[PDB]
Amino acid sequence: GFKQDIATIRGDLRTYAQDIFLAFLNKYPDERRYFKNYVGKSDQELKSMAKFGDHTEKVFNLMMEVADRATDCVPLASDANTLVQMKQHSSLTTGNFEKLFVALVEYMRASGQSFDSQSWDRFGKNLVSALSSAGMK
């Protein structure tokens, strides 16, 4: 279930983070614009960039923290706050996050691994509603 999925992801965090982030960018090419160093780069080119691996690691670490702190796939209001308040996120809206979770769930369903994709879909939706309540547009 959801709790095991957090363990699965954490066990090989860099591999899942990179795989899912690339699925995100490739499903939604417009989102690449927020990451100027990623512009004009193939998947394998991004893997050769120190910042790519570092960044996506940090993103998925925080996502897993927020997931672990959630109750019944509903994130804490304070975690949504951390996400709204981050300077790196100042220009974002909830649609950016919504698209990320659509790509994440699609990835999980396509994978050979036994993820609880329904729970991740609920988690994404509940995060989107929480970001909005924490002041994101």
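Heads up: residue numbers just count along the shown sequence, starting at 1. Only the largest set of C-alpha atoms that superpose within 1.5 Å between the two forms is called the rigid core.
Taking 95-103 and 38-46 in turn, the stretch whose Cα atoms are more displaced from the shown form in 7 other deposited structures of this protein following rigid core superposition is 38-46. Judged by mean Cα B factor in the deposited record, 125-133 ranks above the other of 13-21 and 125-133. As recorded in the PDB entry, 38-46 is the stretch of 69-77 and 38-46 with the greater mean C-alpha temperature factor. In the deposited entry, the Cα temperature factor of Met108 places it in the lowest third of its chain's modelled residues. Placement of the Cα temperature factor of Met63 within the chain: lowest third of the modelled residues, per the deposited record.
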